[PDB]
Amino acid sequence: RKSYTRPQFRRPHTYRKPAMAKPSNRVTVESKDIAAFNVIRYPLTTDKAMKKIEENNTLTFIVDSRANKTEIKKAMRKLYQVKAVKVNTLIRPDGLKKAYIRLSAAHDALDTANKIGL
Amino acid sequence: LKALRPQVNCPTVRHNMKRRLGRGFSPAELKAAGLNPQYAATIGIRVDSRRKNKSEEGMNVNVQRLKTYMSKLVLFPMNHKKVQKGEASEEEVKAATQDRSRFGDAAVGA
Amino acid sequence: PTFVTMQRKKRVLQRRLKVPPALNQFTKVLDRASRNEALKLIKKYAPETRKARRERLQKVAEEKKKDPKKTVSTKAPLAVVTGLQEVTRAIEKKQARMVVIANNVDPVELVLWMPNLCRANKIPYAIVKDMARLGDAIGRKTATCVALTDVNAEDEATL
Amino acid sequence: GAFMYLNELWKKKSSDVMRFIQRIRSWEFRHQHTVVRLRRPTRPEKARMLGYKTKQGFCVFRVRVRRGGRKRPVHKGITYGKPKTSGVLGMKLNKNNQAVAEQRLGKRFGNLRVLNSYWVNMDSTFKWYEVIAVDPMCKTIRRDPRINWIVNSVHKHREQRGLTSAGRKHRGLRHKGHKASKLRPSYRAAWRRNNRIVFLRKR
Amino acid sequence: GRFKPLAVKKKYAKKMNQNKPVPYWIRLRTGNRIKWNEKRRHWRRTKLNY
Amino acid sequence: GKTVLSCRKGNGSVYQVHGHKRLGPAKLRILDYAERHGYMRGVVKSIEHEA
Amino acid sequence: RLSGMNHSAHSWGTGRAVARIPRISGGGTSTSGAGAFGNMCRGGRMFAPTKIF
Amino acid sequence: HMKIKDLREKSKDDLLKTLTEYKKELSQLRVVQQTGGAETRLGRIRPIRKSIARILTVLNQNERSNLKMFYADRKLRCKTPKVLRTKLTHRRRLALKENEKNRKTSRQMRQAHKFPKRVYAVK
RNA sequence: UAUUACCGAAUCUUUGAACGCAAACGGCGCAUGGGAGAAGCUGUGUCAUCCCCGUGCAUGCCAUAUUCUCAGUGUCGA
RNA sequence: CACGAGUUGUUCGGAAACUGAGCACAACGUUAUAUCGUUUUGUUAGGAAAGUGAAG
RNA sequence: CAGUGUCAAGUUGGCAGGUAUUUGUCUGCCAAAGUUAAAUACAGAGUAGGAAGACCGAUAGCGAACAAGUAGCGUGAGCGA
RNA sequence: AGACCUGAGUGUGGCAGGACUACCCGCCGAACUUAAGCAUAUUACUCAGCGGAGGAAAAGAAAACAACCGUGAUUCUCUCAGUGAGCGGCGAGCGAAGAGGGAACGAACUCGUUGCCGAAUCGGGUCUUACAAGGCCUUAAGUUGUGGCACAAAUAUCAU
Ligand SMILES: [Mg+2]
Ligand SMILES: [Mg+2]
Ligand SMILES: [Mg+2]
Ligand SMILES: [Mg+2]
Ligand SMILES: [Mg+2]
Ligand SMILES: [Mg+2]
Ligand SMILES: [Mg+2]
Ligand SMILES: [Mg+2]
Ligand SMILES: [Mg+2]
Ligand SMILES: [Mg+2]
Ligand SMILES: [Mg+2]
Ligand SMILES: [Mg+2]
Ligand SMILES: [Mg+2]
Ligand SMILES: [Mg+2]
Ligand SMILES: [Mg+2]
Ligand SMILES: [Mg+2]
Ligand SMILES: [Mg+2]
Ligand SMILES: [Mg+2]
Ligand code: NA
């Protein structure tokens, strides 16, 4: 405000007060213990799926089509006490998302399938 | 159902000889009858401050209309407990009736 | 910025053009010493504030409460007249002993006629430098004009 | 009071001192934007006559419009049809420039209600008006019996529908009686009244 | 060919799911008028052009 | 009639300058204080052709 | 007032071996090219339609 | 089939536990829907879905009532989230209230007091 | 009552005036609250990078600041 | 025609993340009317469009 | 009524009195700021209800008594059983 | 140092843009057609185009009619009247108003200005069961003027 050393005037720097966090506008009760049930829908029992259970230690599921691989892994850990080493996904021509899930060979996919009921 | 209106003469040389009802009473007629215009508006009398009185007979007719009406008014008291000045007693409130004539000329005539 | 440039060029243009007397008279102001003296007098006769008015009225009310009779004398202490409407009325009724006018009112038509009115009624008047200084003297942000109609016995010589 | 002096002074727009003041103001106005917000009216006496008050919910804007006649916007100045409809440069708009200024302000700022306007300055290219508007959500406005009529939704875009003073002027509603019988209560209403065919039940 | 957006793919998937015949028990309902689908679509007769 | 070609060229359209391969405009340097009062010394770095 | 006239029908003209009545536009339906608007056409407007006056 | 009068007595923690149990049941029935299954088993899907709906209804109604009572205090009344106010319509929200209307000037009130409307009759 | 009818309490996916930024992309941000979390640190806890969810964030205009922070060879003044 | 199935990615193509012939939001101007014009010849707007590391 | 030029008077005044001008009378009214129910419209609107007809009777009556603005056509605006 | 004036940045509380558009309000605005041709005229101050409301809208409280024995805000209906009004290549064509009988009607009010007062006003906190038309506090706005009283339906200012 005394001696300017540029050929054009630019806006001076003033004090800015940060905004406040308002009370939330969404007050619907959402349980945090049921999301895995939305993520993992049900298994598949086709011939290819059956062939993968025994020889590749792999299970096949229909999942929510907006889910990603990391959350599918976490949902597997929550719903069944198993550890997935690999998740592969595809979106079918009828619109549903399918997941091929390989277990860590310290668990038996056949025994997990028996417990699931398929 | 209908407020009180004055009698006027029709204009032009074709309707000179006829008579009808006008819009309202002039303040000069109301003063000749002894009435505040603002109070007359509250007891069912129409007031017209535009109209002038250029002759005596037209004014006399309407003053007589106002007096005939005022002699037959039955004013109800504001408070049923206390009756002040010229207000009806309870017998008249019992024997009160409604004039449903098409022109409101039951008690002044045509 | 544009507003800076325009507010300088406006002053230059007001200097270079030919200025008629009715507007030129507002650049010829009272001196420094008399300006300071007059502002001091107005300051000592400033109008009373919100709190002071409330306190005086409450005391008058308690006096009336204790005495339902007797006059109350709700005249308020002597002060200067402030506001364009009231000052114009005082000039026109010749109650004002002296009138002081600010020289920078915008729009200028608000006070452009006041020296002519004071001359017509033979009222002493001056044109001084700041409406902000007048407002400081009377306790507000701004004043366009101020009138003195009467003072105490101790300030007669000063007036 | 002082209103008389201000009004009489503003009745002398062609005197020397008024010409000087208006020249300075015209020069400074023509270096500003088309629409400008002011803190106080330039003519307080006129604004208060037209309904402005020094209260919380009142605002004043200055609007600039361009002078001259309307040009018909046809490609390359070419018209078709009968020769009676062939003028391009010589026809005039049937609205006045004050109504145009009000409409521009109102279309720009949709949260306000336009009350009235007045002439402030003139120049060879431009004319300038000041427009008064109110905020219908201000508590001061909403609780004031003399102004809160404008809160009701039947008054939303008065200026767009031609209901302000300038609009009435170009609708012809300054006149009554035998000088305005074909335009009351509006031109279209009178036309409908005089042109609809009537069928009584027994005829 | 290989490329299409996911929204286009989902529209084609819905049409594939819709292209079906009427289940037989529907014809046994009280007051039924449906006989054939009448909105069946064949890929070589009418084009969707998504 | 229809529009003549000389008038059509004023719309711009497909008759504007083919400038994609051109270098910038060619100018002298700005008339500043050094040029008004003293002198400046530059070095020629390259000579080129433009379409 | 609109019955029988809700089409953008035009006559095909002379030089084709068909009557000069106006005909429905478009294609892909059994109504395309059919007669229209006349009191003698199926789906046309009646002669002297009735009014409430 | 959960009973509504039974649900209205439970607390939040217990209601959430019931919700988890019923979600697990429905998930297990989906597997049966995939792998053949008996008609008696498939008949259980609808009652369980309706029970889940009932539990979420009770939870949400309790929560909204509690928040409304909490914001009913005068200090907080101005900061109520917009989803917890009355809806009405846009126009009615913006319109003049009865108290704001009906306001009158001193002269209007005084004149209404000096000349009130009377009740009369004509004989 | 998986019965009907009505209604006050609720739920209400992706969008669209569509308004954080984009878009033949179920894409990418900044603040601020949460969740899960092998690794490491200590079977509990605790948790970097990665991942998930809620809320706010367009432009313009009006009002306002427990009286917020500034700018002008505009007018003064100490 | 009916029933039942099939498309698996740290590294492949795209996006995340370039610039071209070009487009046109903001800003400003114009029009009774924005649904109009300008917007890369280093470049918006009479034009105050920068919100940061570092020290402490 | 609109554009531009020109631009008042001071209730001794101003405006209107259906043929222009100048000069005297006479009559009505007081522009250039604002609000306001009812009686009137609904000539291709809508919500919640009602009452009818010297009307049409499946090529008629709405395009549509039926999963009808549907199937189908056109790059598209649109067309349309 | 500060102050006022004129402009900015950010926080807090709000509002506008879209849809519908039968009727209604404001602009903009044709030609086919008729004149046995056609250019003024007509179609028509209509269709198409742009903008804006409501349950109706618009209008409305005399700078109005008349020329009488005078009427008396607006709107609407019959009639005035296809007119011994008037406009018009005085052709084709076009074309209203006052009065009279009625529908409705508790229908009337507010600013500015003048005179007398002069912050008595507004917002914001806080307390009374209360975001009171109430108390208390507030420089925040406001004297470049908020508000009160009187003025043709009036008789005058205060005074409890
Ligand atoms: Mg009429
Ligand atoms: Mg393709
Ligand atoms: Mg070029
Ligand atoms: Mg038919
Ligand atoms: Mg968006
Ligand atoms: Mg097939
Ligand atoms: Mg993949
Ligand atoms: Mg480029
Ligand atoms: Mg750019
Ligand atoms: Mg009005
Ligand atoms: Mg049919
Ligand atoms: Mg709109
Ligand atoms: Mg025709
Ligand atoms: Mg012919
Ligand atoms: Mg005509
Ligand atoms: Mg139209
Ligand atoms: Mg209205
Ligand atoms: Mg006042
Ligand atoms: Na002809």
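Below, chain A is the first sequence line, B the second, and so on; all start at residue 1. Keep in mind that the numbers below use all heavy atoms, side chains included, and drop hydrogens, waters and symmetry copies.
Using a 4.0 Å heavy-atom criterion, one finds that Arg67(D) contacts the sugar-phosphate atoms exclusively. Residue contacts shown for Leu2(G) include a base, since a base heavy atom lies under 4.0 Å away. Using a 4.0 Å heavy-atom distance criterion, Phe109(D) is classed as a sugar-phosphate-only contact. Nucleic acid contact class of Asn194(D) (heavy atoms, under 4.0 Å, all strands): sugar-phosphate only. Counting any heavy atom pair closer than 4.0 Å across all strands shown, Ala19(A) reaches sugar-phosphate atoms only and no base atom. Base contact: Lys74(A) has a heavy atom under 4.0 Å from a base atom. Across all strands shown, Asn68(A) has heavy atoms under 4.0 Å from sugar-phosphate atoms exclusively, and none from any base. When heavy atoms are screened at a 4.0 angstrom cut-off, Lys4(E) is found touching no nucleic acid atom at all. Among the atoms of the strands shown, none is found under 4.0 Å from any heavy atom of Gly51(D). In this structure, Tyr39(B) reaches neither bases nor backbone, as no heavy-atom distance under 4.0 Å exists between it and the strands shown. Residue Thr12(B) is classed as a base contact, given a heavy-atom separation below 4.0 Å to a base. Residue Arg10(A) is in base contact, counting any heavy-atom pair closer than 4.0 Å across all strands shown. Within the nucleic acid shown, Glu86(C) comes within 4.0 Å of at least one base atom, counting heavy atoms only.
Judged by ring-centre distance under 5.5 Å and interplanar angle under 30°, strand neighbours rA44(L) and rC45(L) are not stacked. Not both conditions hold for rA61(L) and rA62(L), whose six-membered rings lack centres under 5.5 angstrom apart with planes under 30 degrees, so their bases do not stack.
Nearest-nucleotide positions on RNA chain J for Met6(C) and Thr34(D) put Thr34(D) closer to the 5' end. Heavy-atom distances to RNA chain I give each of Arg26(A) and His13(A) a nearest nucleotide, and the one nearer the 5′ end belongs to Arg26(A). Where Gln8(A) and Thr89(A) each meet RNA chain J at their nearest nucleotide, the meeting point lying more 5' is that of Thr89(A).
Taking 3.5 Å as the upper bound for both contacts, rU59(I) pairs with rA16(L) in Watson-Crick or G-U wobble fashion. Taken together, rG115(L) and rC149(L) constitute a Watson-Crick or G-U wobble pair, since both relevant N/O distances lie under 3.5 Å. In this structure, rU21(L) forms no base pair with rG13(L) under the Watson-Crick or G-U wobble definition at 3.5 Å. No Watson-Crick or G-U wobble pair joins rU44(I) and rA22(I) with the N1-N3 or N1-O2 distance and the second distance both under 3.5 Å. Under the 3.5 Å cutoff applied to both distances, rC5(L) and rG72(I) qualify as a Watson-Crick or G-U wobble pair. Taken together, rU42(L) and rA81(L) fail the test for a Watson-Crick or G-U wobble pair, since the two needed distances are not both under 3.5 Å.
Distance check on atom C1': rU121(L) versus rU139(L) gives 15 Å, rounded to whole Å. Nucleotides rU36(K) and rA32(K) have their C1' atoms positioned 22 Å apart, rounded to a whole Å. Only the P atoms considered, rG54(I) is 13 Å distant from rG27(I), to the nearest whole Å. Separation of the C1' atoms belonging to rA63(L) and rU11(K) is 13 Å when rounded to the nearest angstrom. The separation of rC65(L) from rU19(K), taken at their P atoms, amounts to 15 Å, rounded to a whole angstrom. Comparing the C1' positions of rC30(I) and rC4(L) gives an interatomic distance of 41 Å, to the nearest angstrom.
In this model, a side-chain donor or acceptor of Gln85(C) finds a partner on the base of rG118(L) within 3.5 Å. Side chain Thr82(C) to base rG118(L): no donor-acceptor pair is found below 3.5 Å. For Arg161(D) against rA57(L), a side-chain-to-base donor-acceptor contact under 3.5 Å is absent.
For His178(D) and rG98(L), the ring-to-base geometry does not satisfy the stacking test (centroid distance below 5.5 Å, interplanar angle below 30°).
Residues satisfying the side chain to side chain contact (heavy atoms under 4.5 Å, CB included) criterion with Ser181(D), sequence neighbours excluded, are absent altogether. Residues satisfying the salt bridge (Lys or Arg N to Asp or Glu O under 4.0 Å) test with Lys53(D), not counting sequence neighbours, are none. The salt bridge (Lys or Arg N to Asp or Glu O under 4.0 Å) search around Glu45(D) returns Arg43(D), not counting sequence neighbours.
Distance CG (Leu50(D)) to P (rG112(L)): 13 Å, rounded to an integer number of Å.
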(request) Give the intermediate values and the outcome of side chain to side chain donor-acceptor pair (under 3.5 Å) for residues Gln103(D) and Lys95(D). (result) CA-CA 11 Å; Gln103(D) 258 144 39; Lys95(D) 266 191 300 204; 3.0 Å; yes
Detail all sub-3.5 Å separations between protein N/O atoms and N/O atoms belonging to nucleotides 12-16 of chain J.
none

Polar atoms only, N or O, under 3.5 Å: list the protein pairs with nucleotides 150-157 of chain L and their distances.
{"residue": "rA150(L)", "atom": "OP1", "partner": "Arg110(H)", "partner atom": "NH1", "Å": "3.4"}
{"residue": "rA150(L)", "atom": "OP2", "partner": "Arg110(H)", "partner atom": "NH1", "Å": "3.3"}
{"residue": "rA153(L)", "atom": "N7", "partner": "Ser49(B)", "partner atom": "OG", "Å": "3.4"}
{"residue": "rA154(L)", "atom": "OP1", "partner": "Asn36(B)", "partner atom": "OD1", "Å": "3.3"}

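Annotated stems with RNA chain K as a participant read K:13-17 with K:26-30, K:33-35 with L:108-110, given as range with range, by first number; only runs of 3 or more Watson-Crick or G-U pairs under 3.5 Å qualify.
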